[PDB]
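Undergrad: File name start-v9.txt; file contents compact mmCIF, C-alpha atoms and all ligand atoms; full text below.
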# COMPACT_ATOMS: atom_id res chain seq x y z
CA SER L 4 -15.76 7.95 -11.74
CA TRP L 5 -14.54 5.04 -9.62
CA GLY L 6 -14.65 4.87 -5.83
CA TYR L 7 -15.50 2.55 -2.96
CA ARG L 8 -19.19 3.35 -2.71
CA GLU L 9 -21.92 0.90 -3.79
CA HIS L 10 -22.36 2.32 -7.30
CA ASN L 11 -18.70 2.97 -8.20
CA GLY L 12 -16.99 0.35 -6.05
CA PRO L 13 -14.60 -2.56 -6.83
CA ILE L 14 -17.24 -4.82 -8.41
CA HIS L 15 -17.91 -2.01 -10.91
CA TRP L 16 -14.26 -1.35 -11.76
CA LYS L 17 -14.22 -3.83 -14.66
CA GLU L 18 -16.74 -1.47 -16.26
CA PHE L 19 -14.11 1.28 -16.51
CA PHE L 20 -10.93 -0.81 -16.56
CA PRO L 21 -11.17 -4.22 -18.31
CA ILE L 22 -7.85 -5.17 -16.71
CA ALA L 23 -9.79 -5.47 -13.44
CA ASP L 24 -10.25 -9.10 -14.50
CA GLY L 25 -6.61 -9.61 -15.48
CA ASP L 26 -4.51 -12.67 -14.61
CA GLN L 27 -2.26 -10.85 -12.12
CA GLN L 28 -4.59 -8.68 -10.06
CA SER L 29 -4.14 -7.62 -6.43
CA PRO L 30 -4.82 -7.96 -3.60
CA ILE L 31 -5.15 -11.69 -2.87
CA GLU L 32 -5.63 -14.09 0.02
CA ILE L 33 -2.38 -15.55 1.29
CA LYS L 34 -2.94 -19.21 2.18
CA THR L 35 0.10 -20.18 4.26
CA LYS L 36 -0.51 -23.86 3.52
CA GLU L 37 0.12 -23.16 -0.16
CA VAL L 38 3.12 -20.89 0.37
CA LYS L 39 6.51 -22.19 -0.75
CA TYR L 40 9.75 -21.06 0.86
CA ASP L 41 12.35 -19.95 -1.68
CA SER L 42 16.01 -19.99 -0.69
CA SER L 43 16.75 -17.87 -3.76
CA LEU L 44 15.04 -14.94 -2.05
CA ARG L 45 17.43 -12.36 -0.61
CA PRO L 46 16.94 -10.39 2.59
CA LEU L 47 15.22 -7.05 2.12
CA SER L 48 17.56 -4.08 2.14
CA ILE L 49 15.71 -0.94 3.19
CA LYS L 50 17.34 2.48 3.22
CA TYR L 51 14.90 5.32 4.03
CA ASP L 52 15.96 8.94 4.49
CA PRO L 53 13.57 10.86 6.81
CA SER L 54 14.27 14.02 4.82
CA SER L 55 12.76 12.34 1.74
CA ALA L 56 9.14 12.97 2.78
CA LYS L 57 7.72 16.21 1.38
CA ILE L 58 3.95 16.44 1.69
CA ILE L 59 0.80 14.62 2.77
CA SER L 60 -2.54 14.93 1.00
CA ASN L 61 -6.04 13.55 0.56
CA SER L 62 -6.35 12.03 -2.91
CA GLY L 63 -9.99 11.19 -2.27
CA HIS L 64 -9.13 7.48 -1.99
CA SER L 65 -6.66 7.63 0.93
CA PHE L 66 -3.98 9.90 2.37
CA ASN L 67 -0.74 10.01 0.34
CA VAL L 68 2.64 10.89 1.81
CA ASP L 69 4.71 11.86 -1.22
CA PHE L 70 8.50 11.61 -1.16
CA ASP L 71 11.08 13.25 -3.38
CA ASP L 72 12.18 10.54 -5.79
CA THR L 73 14.55 12.66 -7.89
CA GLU L 74 17.31 11.50 -5.57
CA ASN L 75 18.35 7.97 -4.59
CA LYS L 76 18.26 8.60 -0.83
CA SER L 77 15.35 6.28 -0.05
CA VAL L 78 15.52 2.95 -1.83
CA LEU L 79 14.41 -0.65 -1.47
CA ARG L 80 16.64 -3.51 -2.65
CA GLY L 81 17.05 -7.25 -2.23
CA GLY L 82 14.16 -9.58 -1.50
CA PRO L 83 12.83 -10.83 -4.87
CA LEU L 84 14.02 -7.65 -6.58
CA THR L 85 16.69 -7.07 -9.20
CA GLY L 86 18.13 -3.57 -8.92
CA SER L 87 17.23 -0.55 -6.81
CA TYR L 88 13.67 0.74 -6.32
CA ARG L 89 13.20 4.35 -5.25
CA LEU L 90 10.68 5.30 -2.54
CA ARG L 91 7.72 7.15 -3.97
CA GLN L 92 4.74 7.25 -1.63
CA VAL L 93 3.07 5.81 1.44
CA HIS L 94 -0.69 5.36 1.90
CA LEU L 95 -3.18 3.30 3.91
CA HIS L 96 -6.20 1.07 3.33
CA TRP L 97 -8.92 0.29 5.87
CA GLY L 98 -12.51 -0.90 6.19
CA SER L 99 -15.75 0.43 7.66
CA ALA L 100 -15.03 -1.57 10.84
CA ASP L 101 -11.95 -2.91 12.67
CA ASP L 102 -12.65 -6.56 11.81
CA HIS L 103 -12.20 -6.15 8.04
CA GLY L 104 -9.95 -3.49 6.52
CA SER L 105 -6.75 -4.95 5.05
CA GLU L 106 -6.47 -5.51 1.30
CA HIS L 107 -4.54 -8.77 1.45
CA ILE L 108 -6.00 -11.34 3.82
CA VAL L 109 -4.21 -14.25 5.49
CA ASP L 110 -5.79 -17.68 5.91
CA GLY L 111 -9.27 -16.17 5.73
CA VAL L 112 -8.43 -13.37 8.17
CA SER L 113 -8.59 -9.63 7.52
CA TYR L 114 -6.50 -7.26 9.59
CA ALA L 115 -7.83 -3.81 10.51
CA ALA L 116 -5.77 -1.88 7.96
CA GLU L 117 -2.82 -2.16 5.57
CA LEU L 118 0.06 0.24 4.91
CA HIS L 119 1.57 0.40 1.41
CA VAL L 120 5.03 1.74 0.62
CA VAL L 121 5.26 2.28 -3.15
CA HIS L 122 8.60 2.07 -4.98
CA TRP L 123 9.62 2.11 -8.64
CA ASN L 124 12.55 0.69 -10.60
CA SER L 125 14.75 3.79 -11.03
CA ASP L 126 17.61 1.65 -12.30
CA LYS L 127 15.81 0.65 -15.51
CA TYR L 128 13.17 3.33 -16.08
CA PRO L 129 13.22 7.16 -16.36
CA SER L 130 10.18 7.76 -14.17
CA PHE L 131 7.56 6.15 -11.97
CA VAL L 132 5.01 6.81 -14.72
CA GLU L 133 6.87 4.60 -17.16
CA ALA L 134 7.88 2.04 -14.55
CA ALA L 135 4.20 1.65 -13.65
CA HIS L 136 3.73 0.22 -17.15
CA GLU L 137 6.41 -2.49 -16.90
CA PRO L 138 6.15 -5.96 -15.25
CA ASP L 139 9.28 -5.26 -13.21
CA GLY L 140 8.59 -1.56 -12.80
CA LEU L 141 7.06 -1.32 -9.32
CA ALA L 142 7.51 -2.80 -5.86
CA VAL L 143 5.00 -2.28 -3.08
CA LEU L 144 5.77 -3.20 0.51
CA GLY L 145 2.67 -4.07 2.51
CA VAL L 146 2.42 -3.83 6.27
CA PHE L 147 -0.62 -5.12 8.13
CA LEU L 148 -2.08 -3.12 11.01
CA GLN L 149 -3.94 -4.93 13.77
CA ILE L 150 -5.86 -3.42 16.65
CA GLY L 151 -3.77 -3.06 19.79
CA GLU L 152 -2.14 -0.38 21.91
CA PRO L 153 -1.84 3.13 20.49
CA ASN L 154 1.15 3.45 18.14
CA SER L 155 3.02 6.68 18.80
CA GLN L 156 4.69 6.35 15.38
CA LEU L 157 1.35 7.13 13.72
CA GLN L 158 0.80 10.36 15.64
CA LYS L 159 2.70 12.43 13.08
CA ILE L 160 0.27 11.23 10.42
CA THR L 161 -2.94 11.41 12.48
CA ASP L 162 -2.13 14.97 13.60
CA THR L 163 -2.47 16.14 9.97
CA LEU L 164 -5.79 14.45 9.19
CA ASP L 165 -7.95 17.47 10.03
CA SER L 166 -5.90 19.71 7.73
CA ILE L 167 -6.46 17.35 4.78
CA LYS L 168 -10.01 16.24 5.57
CA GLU L 169 -11.22 17.17 2.09
CA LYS L 170 -10.17 15.54 -1.18
CA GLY L 171 -7.45 17.62 -2.80
CA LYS L 172 -6.16 19.12 0.45
CA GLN L 173 -2.46 18.90 1.24
CA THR L 174 0.03 20.14 3.83
CA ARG L 175 3.80 19.94 4.21
CA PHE L 176 5.00 16.66 5.71
CA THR L 177 8.71 16.18 6.29
CA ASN L 178 11.24 14.58 8.66
CA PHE L 179 9.28 11.32 8.77
CA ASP L 180 10.85 8.20 10.28
CA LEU L 181 9.19 5.63 8.01
CA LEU L 182 11.59 2.85 8.99
CA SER L 183 10.44 2.93 12.62
CA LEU L 184 6.92 2.23 11.39
CA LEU L 185 7.89 -1.22 10.08
CA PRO L 186 7.66 -4.34 12.29
CA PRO L 187 10.82 -5.70 13.95
CA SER L 188 10.79 -8.73 11.63
CA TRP L 189 10.91 -8.31 7.86
CA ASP L 190 9.93 -11.88 6.99
CA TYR L 191 7.63 -11.62 3.98
CA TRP L 192 5.56 -13.22 1.25
CA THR L 193 5.94 -12.16 -2.38
CA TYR L 194 4.00 -12.62 -5.61
CA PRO L 195 3.52 -10.80 -8.93
CA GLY L 196 0.48 -8.54 -8.93
CA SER L 197 -0.93 -5.11 -9.71
CA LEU L 198 -2.00 -1.77 -8.33
CA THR L 199 -5.07 -2.21 -6.12
CA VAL L 200 -6.67 0.96 -7.50
CA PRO L 201 -7.34 2.08 -11.09
CA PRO L 202 -5.65 1.91 -13.54
CA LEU L 203 -4.92 -1.46 -11.84
CA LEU L 204 -1.72 -1.94 -13.88
CA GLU L 205 -0.05 -5.35 -13.51
CA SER L 206 3.43 -4.00 -12.83
CA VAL L 207 3.80 -4.73 -9.13
CA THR L 208 6.11 -7.13 -7.35
CA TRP L 209 4.29 -7.39 -4.02
CA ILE L 210 6.19 -7.83 -0.77
CA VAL L 211 3.83 -8.38 2.15
CA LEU L 212 5.35 -8.54 5.62
CA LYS L 213 4.11 -11.36 7.84
CA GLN L 214 4.38 -9.47 11.13
CA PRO L 215 1.76 -6.73 11.66
CA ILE L 216 2.16 -3.48 13.56
CA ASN L 217 -0.25 -2.05 16.12
CA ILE L 218 -2.83 0.74 15.93
CA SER L 219 -5.54 1.56 18.48
CA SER L 220 -9.21 1.55 17.52
CA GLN L 221 -9.32 5.28 18.32
CA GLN L 222 -6.39 6.00 15.98
CA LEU L 223 -7.80 4.03 13.06
CA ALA L 224 -11.21 5.68 13.43
CA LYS L 225 -9.60 9.03 12.58
CA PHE L 226 -8.87 7.89 9.02
CA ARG L 227 -12.57 7.16 8.49
CA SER L 228 -13.30 10.82 9.25
CA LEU L 229 -11.57 11.77 5.99
CA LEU L 230 -13.81 12.57 3.03
CA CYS L 231 -13.61 11.18 -0.50
CA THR L 232 -15.14 14.50 -1.62
CA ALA L 233 -13.81 18.04 -2.09
CA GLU L 234 -14.48 21.19 -0.09
CA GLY L 235 -17.70 22.94 -1.16
CA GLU L 236 -18.95 19.66 -2.65
CA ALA L 237 -21.58 17.16 -1.40
CA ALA L 238 -20.00 15.19 1.46
CA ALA L 239 -19.22 11.48 1.65
CA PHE L 240 -16.84 9.89 4.14
CA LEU L 241 -14.01 7.58 3.13
CA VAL L 242 -15.17 4.89 5.58
CA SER L 243 -13.63 2.06 3.57
CA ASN L 244 -11.03 1.89 0.81
CA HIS L 245 -9.80 -1.69 0.42
CA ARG L 246 -10.28 -3.87 -2.65
CA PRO L 247 -11.59 -7.45 -2.20
CA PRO L 248 -9.07 -10.27 -2.69
CA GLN L 249 -8.65 -11.24 -6.35
CA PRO L 250 -8.33 -14.73 -7.96
CA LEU L 251 -4.79 -16.10 -7.64
CA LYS L 252 -4.96 -17.52 -11.18
CA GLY L 253 -2.09 -19.97 -10.68
CA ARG L 254 0.41 -17.43 -9.39
CA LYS L 255 3.03 -18.60 -6.92
CA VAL L 256 3.21 -16.97 -3.49
CA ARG L 257 6.73 -17.28 -2.08
CA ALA L 258 7.98 -17.00 1.50
CA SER L 259 11.36 -15.54 2.43
CA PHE L 260 11.27 -17.46 5.70
CA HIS L 261 11.04 -21.07 6.87
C1 LIG G 1 0.47 6.95 -7.86
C2 LIG G 1 0.50 5.57 -7.27
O1 LIG G 1 1.38 5.16 -6.53
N1 LIG G 1 -0.58 4.76 -7.64
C3 LIG G 1 -0.95 3.59 -7.01
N2 LIG G 1 -1.99 2.90 -7.43
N3 LIG G 1 -2.20 1.77 -6.67
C4 LIG G 1 -1.33 1.67 -5.73
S1 LIG G 1 -1.34 0.32 -4.57
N4 LIG G 1 -2.60 0.46 -3.65
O2 LIG G 1 -1.48 -0.84 -5.39
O3 LIG G 1 -0.17 0.49 -3.76
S2 LIG G 1 -0.15 2.91 -5.64
ZN ZN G 2 -2.43 0.63 -1.66
Let me see whether you can do it: turn the structure in this file into structure tokens.
TA:
Amino acid sequence: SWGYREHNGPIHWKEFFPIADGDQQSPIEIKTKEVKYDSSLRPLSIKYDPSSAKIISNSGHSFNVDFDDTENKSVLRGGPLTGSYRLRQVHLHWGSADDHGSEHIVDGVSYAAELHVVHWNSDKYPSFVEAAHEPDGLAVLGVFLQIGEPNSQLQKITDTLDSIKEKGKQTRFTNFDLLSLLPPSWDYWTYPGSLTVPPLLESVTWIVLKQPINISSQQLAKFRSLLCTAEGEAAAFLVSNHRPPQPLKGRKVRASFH
């Protein structure tokens, strides 16, 4: 089974999922010199209801804050999107050390971590499962985290880490102000890509914010104390869970800003 360890890591993924070498894989390196502004891009419209969050858990590959997507209370619209995309989950990627943990990298630079807000096209498809199999089915908002002062908006999440240390563990997580976690500026880059974890489906319209948010070194270290293994099973820490940048393959990276 896949993972981020030496024997089941990203370089080995093509062995289980041939699509790992697809033409629209994520993440990628964003080279600002090659980015083209597109006036046809609309401003992002983000409406998040704090009552949407339901639970947080350890999937074995990251922590997952799952939201109730039966309702249309939390949705993402605008940007490069056509229609409304319902909020589904929030998770985080990091590396074994502060100097290299983000999935997407900018001009050869890796941030310390990267937050992903996963949405699906509820306007066209019946469920996230089916949307995940369509080119225009998913939209993932990426937020870079860079080392800085402690971020009090992460406390709610970090306080639960011990209760979901083991893979499979979960605890109730509600009344979460996701919006306040985003940077003040929503300027972003967008390109067609895929999920960064198996099944690596190429159904994602990526929206990566340019402005990063802060996290202290102490805070980030807590996520590395999570295990990618289950209780009663041989232990292994989830010290790193980011996929290396993938070949752009001629895709166009667009900027919503000048
Ligand atoms: C259930 C679900 O959301 N699966 C995902 N797989 N990859 C994702 S990511 N890292 O590309 O946002 S989300
Ligand atoms: Zn992710």
Undergrad: Counting only C-alpha atoms and all ligand atoms, give me one row per residue of chain L with an atom at most 10 Å from an atom of ligand LIG 1 (chain G), showing the shortest contact pair and its distance in Å to one decimal, sorted by chain then residue number, as a Markdown table.
TA:
| residue | atom | partner | partner_atom | distance |
| --- | --- | --- | --- | --- |
| L:28 | CA | G:LIG1 | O2 | 9.6 |
| L:29 | CA | G:LIG1 | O2 | 7.4 |
| L:30 | CA | G:LIG1 | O2 | 8.1 |
| L:62 | CA | G:LIG1 | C1 | 9.8 |
| L:64 | CA | G:LIG1 | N4 | 9.7 |
| L:65 | CA | G:LIG1 | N4 | 9.4 |
| L:67 | CA | G:LIG1 | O1 | 8.7 |
| L:69 | CA | G:LIG1 | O1 | 9.2 |
| L:91 | CA | G:LIG1 | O1 | 7.1 |
| L:92 | CA | G:LIG1 | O1 | 6.3 |
| L:93 | CA | G:LIG1 | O3 | 8.1 |
| L:94 | CA | G:LIG1 | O3 | 7.5 |
| L:95 | CA | G:LIG1 | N4 | 8.1 |
| L:96 | CA | G:LIG1 | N4 | 7.9 |
| L:106 | CA | G:LIG1 | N4 | 8.7 |
| L:117 | CA | G:LIG1 | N4 | 9.6 |
| L:118 | CA | G:LIG1 | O3 | 8.7 |
| L:119 | CA | G:LIG1 | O3 | 5.5 |
| L:120 | CA | G:LIG1 | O3 | 6.9 |
| L:121 | CA | G:LIG1 | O3 | 5.7 |
| L:122 | CA | G:LIG1 | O1 | 8.0 |
| L:123 | CA | G:LIG1 | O1 | 9.0 |
| L:131 | CA | G:LIG1 | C1 | 8.2 |
| L:132 | CA | G:LIG1 | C1 | 8.2 |
| L:135 | CA | G:LIG1 | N1 | 8.3 |
| L:141 | CA | G:LIG1 | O1 | 9.1 |
| L:142 | CA | G:LIG1 | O3 | 8.6 |
| L:143 | CA | G:LIG1 | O3 | 5.9 |
| L:144 | CA | G:LIG1 | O3 | 8.2 |
| L:145 | CA | G:LIG1 | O3 | 8.3 |
| L:196 | CA | G:LIG1 | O2 | 8.7 |
| L:197 | CA | G:LIG1 | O2 | 6.1 |
| L:198 | CA | G:LIG1 | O2 | 3.1 |
| L:199 | CA | G:LIG1 | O2 | 3.9 |
| L:200 | CA | G:LIG1 | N3 | 4.6 |
| L:201 | CA | G:LIG1 | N2 | 6.5 |
| L:202 | CA | G:LIG1 | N2 | 7.2 |
| L:203 | CA | G:LIG1 | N3 | 6.7 |
| L:204 | CA | G:LIG1 | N2 | 8.1 |
| L:205 | CA | G:LIG1 | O2 | 9.4 |
| L:206 | CA | G:LIG1 | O2 | 9.5 |
| L:207 | CA | G:LIG1 | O2 | 7.5 |
| L:209 | CA | G:LIG1 | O2 | 8.8 |
| L:244 | CA | G:LIG1 | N4 | 9.6 |
| L:245 | CA | G:LIG1 | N4 | 8.5 |
| L:246 | CA | G:LIG1 | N4 | 8.9 |
Undergrad: What is the CA of residue 128 in chain L to CA of residue 78 in chain L distance in Å?
TA: 14.4 Å
Undergrad: In Å, how far is it from CA of residue 61 in chain L to CA of residue 227 in chain L?
TA: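 Separating CA of residue 61 in chain L from CA of residue 227 in chain L is a distance of 12.1 Å.
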Undergrad: Given all atoms listed in the file as the basis, pick out the residue of L:39, L:136, L:225, L:213 nearest to residue 168 in chain L.
TA: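 Checking each of L:39, L:136, L:225, L:213 against residue 168 in chain L, counting all atoms listed in the file, the winner is L:225.
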Undergrad: Take every atom of range 218-227 of chain L listed in the file, pad by 8 Å on each side, and give me the axis-aligned box centre and edge lengths in Å, one decimal, as AutoDock Vina command-line options.
TA:
--center_x -7.7 --center_y 4.9 --center_z 13.5 --size_x 25.7 --size_y 24.3 --size_z 26.0
Undergrad: Hey, what's within 7 Å of range 5-11 of chain L if we count all atoms listed in the file and toss same-chain stuff fewer than 4 positions away? As number ranges by chain, please?
TA: L: 15-16, 243-244
Undergrad: Tell me which of L:148, L:242, L:256, L:115 sits closest to residue 32 in chain L, counting all atoms listed in the file.
TA: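 When distances to residue 32 in chain L are compared using all atoms listed in the file, the smallest one comes from L:256.
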Undergrad: Counting all atoms listed in the file, which of L:234, L:169, L:190, L:26 gets nearest to residue 214 in chain L?
TA: L:190
Undergrad: How many Å separate CA of residue 186 in chain L from CA of residue 77 in chain L?
TA: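 Atom-to-atom, CA of residue 186 in chain L and CA of residue 77 in chain L are spaced 18.0 Å apart.
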Undergrad: Pick out the closest residue to ligand ZN 2 (chain G) from this set: L:99, L:87, L:105, L:75. Count only C-alpha atoms and all ligand atoms.
TA: L:105
Undergrad: Name the closest residue to residue 25 in chain L among the candidates L:116, L:249, L:193, L:259; distances are taken between atoms, counting all atoms listed in the file.
TA: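 Counting all atoms listed in the file, the residue closest to residue 25 in chain L is L:249.
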Undergrad: List every residue of range 106-225 of chain L that has an atom at most 9 Å from any atom of range 51-59 of chain L, and for each one report the closest atom pair and its distance in Å to one decimal, counting all atoms listed in the file, with rows sorted by chain and then by increasing residue number, as a Markdown table.
TA:
| residue | atom | partner | partner_atom | distance |
| --- | --- | --- | --- | --- |
| L:160 | CA | L:59 | CA | 8.4 |
| L:163 | CA | L:59 | CA | 8.1 |
| L:167 | CA | L:59 | CA | 8.0 |
| L:172 | CA | L:59 | CA | 8.6 |
| L:173 | CA | L:59 | CA | 5.6 |
| L:174 | CA | L:59 | CA | 5.7 |
| L:175 | CA | L:58 | CA | 4.3 |
| L:176 | CA | L:58 | CA | 4.2 |
| L:177 | CA | L:56 | CA | 4.8 |
| L:178 | CA | L:53 | CA | 4.8 |
| L:179 | CA | L:53 | CA | 4.7 |
| L:180 | CA | L:53 | CA | 5.1 |
| L:181 | CA | L:53 | CA | 6.9 |
| L:182 | CA | L:51 | CA | 6.5 |
Undergrad: In terms of the shortest atom-to-atom distance over only C-alpha atoms, which of L:258, L:146, L:231, L:84 is closest to residue 60 in chain L?
TA: L:231
